[PDB]
Every structure is written in structure tokens, then in C-alpha cells.
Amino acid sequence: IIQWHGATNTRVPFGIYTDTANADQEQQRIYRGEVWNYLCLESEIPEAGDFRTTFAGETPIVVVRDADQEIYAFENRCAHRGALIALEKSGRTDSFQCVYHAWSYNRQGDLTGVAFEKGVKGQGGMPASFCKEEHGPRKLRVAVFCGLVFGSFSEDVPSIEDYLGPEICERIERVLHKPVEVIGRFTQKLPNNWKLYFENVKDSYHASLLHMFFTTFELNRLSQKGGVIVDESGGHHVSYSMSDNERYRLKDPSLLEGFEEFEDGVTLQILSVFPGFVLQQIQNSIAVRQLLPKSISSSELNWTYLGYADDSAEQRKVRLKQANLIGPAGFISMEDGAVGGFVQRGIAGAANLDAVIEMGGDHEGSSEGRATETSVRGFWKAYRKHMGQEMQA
């Protein structure tokens, strides 16, 4: 049914974007497997009891700051009959208590209380064989890296620094180097399979072809070196780009003027981490994105826009202006939203055929130049490894 052409990722079967049994396996082997799922920023849950609800793949999750200053995460599912435990997007709690029969849970998600556990007036309640310690939602391992909070179902996933690898760690560190502040949340519903979007974000090939904004309004743009890094797993990547004045056939060029801040020269750094996290820096526009599967045919992109806690009002205003480049109405980003749906619909009659991904060769290693699909093939290397779909060469 779901057959890869060969051992390379130069050919992807179009059926991988519409097969529902395959999508169920994604939930077991990816989302609840040996990966780290992006939950939220530490700064968004700073006081003891502060929690947010979100997802890992399809599975609802709660993430919460406890009184020892650590962050815990568990499955958002009551151990009695399955009810969501936490019903708010965010809030502040002592204990969690399921609304349905008042079972109680501490901030690690251990079951602490069962209504009428030992009966009322000597009648009913639980058998002796019911032990509260044997009954709770699944707990996630939690890792914090530069304020990014990630969760995993698996006791066997590598530590976060090892999962990420050295190249990715340093580049996360380069942007997330001092306190940040959330300045905006927006969600984009995508009309495609989650994978079309994650491929797209890795896809340096389309940067100056799909997105015409820069070429359209360019007058005096100084030219840049572009490259791609892929970690050894293949699952993670960074895309980067690096008179005196840039000039644009724009009535208000302020849109595009900013200030040096990275001591860097890198004007664009887009970083992805398997299976669904993005950190971006586009001049002074900083953001994180969380990508979640929703049905075989749709997914969700959750954006968190950032400034730095030390921003001056002027600097802030630069970020707020550059933000027009990104998000659902981004001068760049609006197009990333639609293009996966173009693929989802172009392949309607083609579930037996394959995508051709041959730019920059047949492997998944780092590369100078944008005219490569190495980071795309990279995604599928990590995908096929989690999924048990590798082939002998």
C-alpha cells in the first residue's frame, strides 16, 4: 500500500499524505515515540500552579509549573473514564480535579484523590485492589532548553542536547540568549497533511521562487550567501542567509529597516526540530511555531511572536513592523500557508505516484546554496527511521 520506491528519499509516495492507517502509526511511533514535542516557553508559565493545555500529535497534554520551580507535563486525560482533566487554554491551579467525578491530581499528574474511594456510610467505593498509585494519565518526560519546554512519552529518547545535536543547540542559543517576552499569538489552520508544512519549512529551494515579495519591490538589495544545515538524524535543520542602504519601491520602507543585534551578519535563520517545532529570526522579527496534525488532510500552525525583555520602545516597534513579513498575512508567510494545500489537491488523482526530490543530490547532509532539497530528504530520513519504513540499499 504505502511502499517506498527505494532506500533513498529521492522519491516519496504521495499515499503517505492521505493514508489514515499510516497516520495512526504516526501517532504511536512519532508523536508518542522517541521524539521531543514542543509544548510552550518557560516564561509563559512562570508562577507555581501556572499551566497551559496543548497537544503532542493528537494527544491532549497539560504542562504546568510546580512549587519546586520545575515544569511537569502529563496526558490531559482522567484515569477514571477519560475526561479531559484541564479545560482551560491556560490558568493557575493548586490541584487539578476532573470535573466529572472529582478525581484529583497533583501537578505531576499523579492521582491523589478519588471521590468516595472507601464508600459512603460503609457502602460501595473501590475494591481493595484499586491503588491510586497504579492509575494515572501518562506522564511525559520534560526537557527545558533555552526556555523552550519539550515533552516526550518515551523513556528512551536521548537527552534534549543530544537529540538536537551541536549545530542546532548553538543556533537555538544564538537567538534565545536572554529573556524573551511574548508579544502576540495567532493560529493558522492549514488545509494540508502536517508533513507538507514541515517539508515546506525545510524547503530552502522555494525561498526566492514562491515568495516574490523581495524580488518585486527590490531596488538596491546587497546580495547574500545562503546555506542549509541538517543534524545527523536528518530530522532537524537551519536555513540561513547573511549605497549602504537597501532600497524598496515601497511608499514606507520603514517596514524593512532594522538594527544590528546578533553581532552576526546573519539576516535570516530558520531552524526546525523534528517533528513540529520552528524557531525563526528574520532580521529583527523573532518567532516560534508549533505544528500539530489535525486530520489526514489538515493541521495547525501555532505562532508565538517574541521580543526581548530589554527591548526599548523603538526596537519593539521595529519587531511589530517587521512582523508584517510573517504569520497568516505575512509578505512571506501567507504563501507558505497555501502551498501545502496546492499539493494536497494536485495529488488527488496520484496516490500511486511519487514526489521527485533530487535537488542537491541523493543524501541528507549540510550544504552551501539554496538550490538543494537536502533538508527535505533529511525529514524523510528521520521519518522513515521512526516509522520502520527504511529500505536496504
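All residue numbers refer to positions in the sequence shown, first residue = 1.
Going from residue 242 to residue 243, the model skips 10 or more deposited residues, which lack coordinates. Look at the C-alpha B-factors of 197-205 and of 152-160. On average they run higher in 152-160. Higher mean CA temperature factor, per the PDB entry, when comparing 360-368 with 320-328: 360-368. Sorting 272, 297, 223, 302 by the CA temperature factor given in the entry leaves 223 at the top. Among 76, 188, 267, 280, the highest C-alpha B-factor recorded in the PDB entry belongs to 267.
Looking at the C-alpha B-factors along this chain, the one for residue 247 belongs to the highest third. Per-chain ranking of the deposited C-alpha B factor places residue 34 in the middle third. Per-chain ranking of the deposited C-alpha B factor places residue 107 in the middle third. When the modelled residues of the chain are ordered by their C-alpha B factor, residue 352 lands in the middle third. When the modelled residues of the chain are ordered by their C-alpha B factor, residue 343 lands in the lowest third.
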